[PDB]
Amino acid sequence: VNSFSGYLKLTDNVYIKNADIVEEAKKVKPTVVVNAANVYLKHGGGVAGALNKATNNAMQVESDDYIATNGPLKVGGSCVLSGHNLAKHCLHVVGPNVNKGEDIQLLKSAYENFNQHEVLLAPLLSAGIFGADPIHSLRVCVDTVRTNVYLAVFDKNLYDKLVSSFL
């Protein structure tokens, strides 16, 4: 038993809700919140900009030190940093950005990072400003992640489309 509430169950291990991931994190304080990161951990917009704003820019300060030490992430890769006031940990995961011409096949590699964590609160990778089809992202999630994932979808209209079209 865990503290996630109001989710629709899609499969044995994948759950979905129309929710703002920032507010969901603030209430649940999950062990892991996933950020929709880029390779530079520049949290300007989308989910990343919203999560970073909710940390009063502490996420960005920590991220800049990480990059100065380690260099950029790989597309499809991840790193574990602090969850600040939102979660114990933040798993920064880089899905391919279609608006940068990155290979969509890397979306499966990106979701594989979730399997290193027993339970996660997450957005749909490569959705929103990353330019991929969210229906496709949900399918890859279900077919790749084996651990327990609670997906927050900000847009109510998109949420309804994702549920109604789910196979």
# chains A, B, ... in the order shown; residues from 1 in each chain; ligands from 1
call {"tool": "select_by_dssp", "arguments": {"residues": "region 71-149 of chain A", "states": "helix (DSSP H, G or I)", "output": "list in words"}}
result
residues 98, 99, 100, 106, 107, 108, 109, 110, 111, 112, 113, 114, 115, 116, 128, 129, 130, 134, 135, 136, 137, 138, 139, 140, 141, 142, 143 and 144 of chain A
call {"tool": "write_last_selection", "arguments": {"atoms": "C-alpha atoms", "output": "PDB file, in the first residue's frame"}}
result
ATOM      1  CA  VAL A  98      11.611  15.655 -31.565  1.00  0.00           C
ATOM      2  CA  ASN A  99      11.966  19.405 -31.881  1.00  0.00           C
ATOM      3  CA  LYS A 100      15.755  18.766 -31.878  1.00  0.00           C
ATOM      4  CA  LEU A 106      15.654   6.397 -27.672  1.00  0.00           C
ATOM      5  CA  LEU A 107      12.342   6.766 -25.832  1.00  0.00           C
ATOM      6  CA  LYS A 108      12.469   3.100 -24.776  1.00  0.00           C
ATOM      7  CA  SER A 109      16.004   3.556 -23.396  1.00  0.00           C
ATOM      8  CA  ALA A 110      14.778   6.616 -21.466  1.00  0.00           C
ATOM      9  CA  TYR A 111      11.946   4.656 -19.829  1.00  0.00           C
ATOM     10  CA  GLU A 112      14.336   1.808 -18.893  1.00  0.00           C
ATOM     11  CA  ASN A 113      15.814   4.158 -16.270  1.00  0.00           C
ATOM     12  CA  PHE A 114      12.533   3.883 -14.338  1.00  0.00           C
ATOM     13  CA  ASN A 115      13.198   0.156 -13.699  1.00  0.00           C
ATOM     14  CA  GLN A 116      15.965   1.065 -11.220  1.00  0.00           C
ATOM     15  CA  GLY A 128       4.656  18.331 -24.249  1.00  0.00           C
ATOM     16  CA  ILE A 129       7.398  20.623 -25.545  1.00  0.00           C
ATOM     17  CA  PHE A 130       9.607  17.612 -26.392  1.00  0.00           C
ATOM     18  CA  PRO A 134       1.879  11.278 -25.964  1.00  0.00           C
ATOM     19  CA  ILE A 135      -0.183   8.222 -27.002  1.00  0.00           C
ATOM     20  CA  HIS A 136       3.045   6.635 -28.241  1.00  0.00           C
ATOM     21  CA  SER A 137       4.889   7.652 -25.074  1.00  0.00           C
ATOM     22  CA  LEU A 138       2.252   5.938 -22.923  1.00  0.00           C
ATOM     23  CA  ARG A 139       2.509   2.759 -25.016  1.00  0.00           C
ATOM     24  CA  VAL A 140       6.314   2.679 -24.658  1.00  0.00           C
ATOM     25  CA  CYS A 141       5.959   3.300 -20.915  1.00  0.00           C
ATOM     26  CA  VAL A 142       3.566   0.369 -20.464  1.00  0.00           C
ATOM     27  CA  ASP A 143       5.719  -1.931 -22.609  1.00  0.00           C
ATOM     28  CA  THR A 144       9.034  -0.951 -20.932  1.00  0.00           C
TER      29      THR A 144
END
call {"tool": "residues_around", "arguments": {"residues": "residue 2 (chain A)", "least_positions_apart": "4", "cutoff": "10 Å", "atoms": "only C-alpha atoms", "output": "ChimeraX atom specification"}}
result
/A:28,30,119
call {"tool": "write_last_selection", "arguments": {"atoms": "C-alpha atoms", "output": "CSV table (one decimal), in the first residue's frame"}}
result
chain,number,residue,atom,x,y,z
A,28,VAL,CA,2.6,12.7,-1.7
A,30,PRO,CA,7.2,10.4,-3.2
A,119,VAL,CA,7.9,3.3,-7.3
call {"tool": "residues_around", "arguments": {"residues": "residue 25 (chain A)", "least_positions_apart": "3", "cutoff": "12 Å", "atoms": "only C-alpha atoms", "output": "MDAnalysis selection string"}}
result
chainID A and resid 3:5 19:22 28:35 50:51 54:55 83:90 120:123 150:152
call {"tool": "write_last_selection", "arguments": {"atoms": "N, CA, C and O atoms", "output": "compact mmCIF listing (two decimals), in the first residue's frame"}}
result
# COMPACT_ATOMS: atom_id res chain seq x y z
N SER A 3 0.66 5.87 -0.91
CA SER A 3 -0.15 7.05 -0.64
C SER A 3 -0.75 7.72 -1.88
O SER A 3 -1.43 8.74 -1.75
N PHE A 4 -0.53 7.18 -3.08
CA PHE A 4 -1.07 7.77 -4.31
C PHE A 4 -2.59 7.56 -4.37
O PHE A 4 -3.08 6.46 -4.11
N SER A 5 -3.34 8.62 -4.73
CA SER A 5 -4.80 8.63 -4.64
C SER A 5 -5.43 9.13 -5.94
O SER A 5 -4.89 10.03 -6.58
N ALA A 19 -3.37 15.47 -13.35
CA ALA A 19 -2.82 16.20 -12.22
C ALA A 19 -1.59 16.97 -12.65
O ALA A 19 -0.91 16.61 -13.62
N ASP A 20 -1.34 18.05 -11.92
CA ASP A 20 -0.11 18.83 -11.98
C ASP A 20 0.94 18.09 -11.15
O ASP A 20 0.78 17.94 -9.93
N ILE A 21 2.00 17.60 -11.80
CA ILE A 21 3.03 16.82 -11.12
C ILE A 21 3.65 17.58 -9.95
O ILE A 21 4.05 16.97 -8.95
N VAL A 22 3.74 18.92 -10.04
CA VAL A 22 4.27 19.72 -8.93
C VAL A 22 3.39 19.57 -7.69
O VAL A 22 3.88 19.32 -6.58
N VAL A 28 2.20 14.11 -2.00
CA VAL A 28 2.62 12.74 -1.73
C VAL A 28 4.02 12.69 -1.11
O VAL A 28 4.30 11.84 -0.26
N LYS A 29 4.93 13.58 -1.52
CA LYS A 29 6.34 13.51 -1.14
C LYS A 29 6.88 12.12 -1.49
O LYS A 29 7.37 11.40 -0.62
N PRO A 30 6.79 11.72 -2.76
CA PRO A 30 7.21 10.38 -3.16
C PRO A 30 8.71 10.20 -2.97
O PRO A 30 9.48 11.16 -2.90
N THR A 31 9.12 8.94 -2.90
CA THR A 31 10.54 8.62 -2.87
C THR A 31 11.24 9.17 -4.12
O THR A 31 12.36 9.70 -4.02
N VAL A 32 10.61 9.04 -5.28
CA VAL A 32 11.19 9.47 -6.56
C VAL A 32 10.14 10.25 -7.36
O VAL A 32 9.06 9.72 -7.66
N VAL A 33 10.48 11.48 -7.75
CA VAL A 33 9.79 12.20 -8.81
C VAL A 33 10.70 12.25 -10.03
O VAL A 33 11.90 12.52 -9.91
N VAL A 34 10.14 11.98 -11.20
CA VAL A 34 10.88 12.04 -12.46
C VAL A 34 10.75 13.43 -13.07
O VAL A 34 9.64 13.97 -13.18
N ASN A 35 11.88 13.99 -13.48
CA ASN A 35 11.92 15.22 -14.26
C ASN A 35 12.14 14.90 -15.73
O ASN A 35 12.92 14.01 -16.08
N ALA A 50 8.71 23.90 -14.38
CA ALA A 50 7.75 23.93 -13.29
C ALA A 50 8.31 23.30 -12.01
O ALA A 50 8.17 23.86 -10.92
N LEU A 51 8.95 22.13 -12.13
CA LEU A 51 9.56 21.51 -10.94
C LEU A 51 10.63 22.41 -10.36
O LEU A 51 10.68 22.63 -9.14
N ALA A 54 9.24 25.34 -8.42
CA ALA A 54 8.69 24.92 -7.14
C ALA A 54 9.77 24.70 -6.08
O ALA A 54 9.48 24.79 -4.89
N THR A 55 11.02 24.45 -6.50
CA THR A 55 12.17 24.36 -5.58
C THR A 55 12.87 25.69 -5.35
O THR A 55 13.94 25.72 -4.73
N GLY A 83 15.50 15.50 -4.42
CA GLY A 83 14.13 15.91 -4.68
C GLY A 83 13.74 17.20 -4.01
O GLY A 83 12.61 17.65 -4.17
N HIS A 84 14.66 17.81 -3.26
CA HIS A 84 14.41 19.11 -2.61
C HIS A 84 13.14 19.01 -1.77
O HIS A 84 13.00 18.06 -1.00
N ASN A 85 12.24 19.97 -1.88
CA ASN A 85 11.00 20.01 -1.13
C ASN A 85 9.90 19.18 -1.77
O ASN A 85 8.78 19.16 -1.25
N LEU A 86 10.17 18.51 -2.89
CA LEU A 86 9.13 17.81 -3.63
C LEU A 86 9.10 16.30 -3.44
O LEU A 86 8.04 15.69 -3.60
N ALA A 87 10.24 15.69 -3.11
CA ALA A 87 10.40 14.24 -3.10
C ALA A 87 11.72 13.95 -2.40
O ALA A 87 12.53 14.86 -2.20
N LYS A 88 11.96 12.69 -2.05
CA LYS A 88 13.28 12.35 -1.54
C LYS A 88 14.34 12.56 -2.62
O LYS A 88 15.35 13.25 -2.40
N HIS A 89 14.10 12.01 -3.81
CA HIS A 89 15.01 12.06 -4.93
C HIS A 89 14.28 12.55 -6.17
O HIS A 89 13.08 12.32 -6.33
N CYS A 90 15.03 13.19 -7.06
CA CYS A 90 14.57 13.46 -8.41
C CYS A 90 15.40 12.65 -9.40
O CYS A 90 16.63 12.78 -9.42
N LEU A 120 7.62 5.28 -8.66
CA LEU A 120 7.95 6.61 -9.16
C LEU A 120 6.68 7.38 -9.49
O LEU A 120 5.70 6.81 -9.97
N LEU A 121 6.73 8.69 -9.27
CA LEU A 121 5.80 9.67 -9.83
C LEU A 121 6.46 10.28 -11.06
O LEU A 121 7.59 10.76 -10.96
N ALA A 122 5.78 10.29 -12.20
CA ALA A 122 6.45 10.67 -13.44
C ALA A 122 5.51 11.34 -14.43
O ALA A 122 4.29 11.09 -14.42
N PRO A 123 6.06 12.16 -15.33
CA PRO A 123 5.33 12.62 -16.51
C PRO A 123 5.57 11.63 -17.66
O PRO A 123 6.44 10.77 -17.60
N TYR A 150 3.36 5.97 -11.42
CA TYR A 150 2.19 6.83 -11.28
C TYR A 150 2.40 8.03 -12.20
O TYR A 150 3.26 8.88 -11.94
N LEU A 151 1.66 8.06 -13.30
CA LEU A 151 1.80 9.08 -14.33
C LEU A 151 0.85 10.24 -14.07
O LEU A 151 -0.37 10.03 -13.92
N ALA A 152 1.40 11.45 -14.05
CA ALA A 152 0.62 12.68 -13.92
C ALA A 152 0.57 13.37 -15.28
O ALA A 152 1.61 13.68 -15.87
call {"tool": "atom_distance", "arguments": {"atom1": "CA of residue 126 (chain A)", "atom2": "CA of residue 1 (chain A)"}}
result
29.4 Å
call {"tool": "select_by_dssp", "arguments": {"residues": "chain A", "states": "strand (DSSP E or B)", "output": "ChimeraX atom specification"}}
result
/A:8-9,14-18,32-36,78-82,89-93,119-122,148-153
call {"tool": "write_last_selection", "arguments": {"atoms": "N, CA and C atoms", "output": "compact mmCIF listing (two decimals), in the first residue's frame"}}
result
# COMPACT_ATOMS: atom_id res chain seq x y z
N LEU A 8 -6.31 6.09 -12.11
CA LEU A 8 -6.89 5.01 -12.89
C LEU A 8 -5.78 3.99 -13.14
N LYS A 9 -6.11 2.71 -12.97
CA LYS A 9 -5.15 1.62 -13.16
C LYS A 9 -5.17 1.21 -14.63
N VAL A 14 1.14 0.20 -14.00
CA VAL A 14 1.06 1.57 -14.50
C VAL A 14 -0.30 2.17 -14.15
N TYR A 15 -0.25 3.36 -13.57
CA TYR A 15 -1.40 4.13 -13.11
C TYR A 15 -1.33 5.53 -13.70
N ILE A 16 -2.48 6.20 -13.88
CA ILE A 16 -2.52 7.51 -14.53
C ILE A 16 -3.58 8.41 -13.89
N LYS A 17 -3.28 9.71 -13.86
CA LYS A 17 -4.16 10.70 -13.24
C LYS A 17 -4.01 12.04 -13.98
N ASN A 18 -5.10 12.79 -14.11
CA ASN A 18 -5.04 14.19 -14.55
C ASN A 18 -4.62 15.03 -13.36
N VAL A 32 10.61 9.04 -5.28
CA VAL A 32 11.19 9.47 -6.56
C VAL A 32 10.14 10.25 -7.36
N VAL A 33 10.48 11.48 -7.75
CA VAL A 33 9.79 12.20 -8.81
C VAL A 33 10.70 12.25 -10.03
N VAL A 34 10.14 11.98 -11.20
CA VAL A 34 10.88 12.04 -12.46
C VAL A 34 10.75 13.43 -13.07
N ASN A 35 11.88 13.99 -13.48
CA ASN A 35 11.92 15.22 -14.26
C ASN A 35 12.14 14.90 -15.73
N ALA A 36 11.42 15.62 -16.58
CA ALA A 36 11.60 15.63 -18.04
C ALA A 36 12.77 16.54 -18.38
N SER A 78 20.03 9.23 -17.59
CA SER A 78 19.44 9.79 -16.38
C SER A 78 20.51 10.01 -15.32
N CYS A 79 20.14 10.80 -14.31
CA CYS A 79 20.91 10.87 -13.08
C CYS A 79 19.95 11.08 -11.92
N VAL A 80 20.37 10.65 -10.74
CA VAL A 80 19.62 10.83 -9.50
C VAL A 80 20.20 12.01 -8.74
N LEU A 81 19.37 13.01 -8.46
CA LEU A 81 19.74 14.15 -7.64
C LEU A 81 18.70 14.31 -6.53
N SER A 82 18.86 15.36 -5.73
CA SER A 82 17.91 15.61 -4.66
C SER A 82 16.51 15.89 -5.19
N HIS A 89 14.10 12.01 -3.81
CA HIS A 89 15.01 12.06 -4.93
C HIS A 89 14.28 12.55 -6.17
N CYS A 90 15.03 13.19 -7.06
CA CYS A 90 14.57 13.46 -8.41
C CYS A 90 15.40 12.65 -9.40
N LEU A 91 14.72 11.82 -10.19
CA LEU A 91 15.35 11.11 -11.30
C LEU A 91 15.19 11.98 -12.55
N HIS A 92 16.28 12.61 -12.97
CA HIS A 92 16.29 13.43 -14.18
C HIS A 92 16.49 12.50 -15.37
N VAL A 93 15.48 12.37 -16.23
CA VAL A 93 15.52 11.45 -17.37
C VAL A 93 15.41 12.25 -18.65
N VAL A 119 9.12 2.46 -7.12
CA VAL A 119 7.93 3.29 -7.27
C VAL A 119 8.35 4.69 -7.70
N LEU A 120 7.62 5.28 -8.66
CA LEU A 120 7.95 6.61 -9.16
C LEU A 120 6.68 7.38 -9.49
N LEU A 121 6.73 8.69 -9.27
CA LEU A 121 5.80 9.67 -9.83
C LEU A 121 6.46 10.28 -11.06
N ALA A 122 5.78 10.29 -12.20
CA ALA A 122 6.45 10.67 -13.44
C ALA A 122 5.51 11.34 -14.43
N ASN A 148 6.57 0.21 -10.42
CA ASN A 148 5.27 0.84 -10.24
C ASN A 148 5.36 2.33 -10.55
N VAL A 149 4.66 2.75 -11.59
CA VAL A 149 4.75 4.12 -12.08
C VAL A 149 3.38 4.78 -12.04
N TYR A 150 3.36 5.97 -11.42
CA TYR A 150 2.19 6.83 -11.28
C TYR A 150 2.40 8.03 -12.20
N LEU A 151 1.66 8.06 -13.30
CA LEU A 151 1.80 9.08 -14.33
C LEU A 151 0.85 10.24 -14.07
N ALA A 152 1.40 11.45 -14.05
CA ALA A 152 0.62 12.68 -13.92
C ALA A 152 0.57 13.37 -15.28
N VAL A 153 -0.64 13.62 -15.76
CA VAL A 153 -0.88 14.28 -17.04
C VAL A 153 -1.57 15.60 -16.73
call {"tool": "atom_distance", "arguments": {"atom1": "CA of residue 131 (chain A)", "atom2": "CA of residue 46 (chain A)"}}
result
11.3 Å
call {"tool": "residues_around", "arguments": {"residues": "region 58-74 of chain A", "least_positions_apart": "5", "cutoff": "6 Å", "atoms": "only C-alpha atoms", "output": "count of residues only"}}
result
4
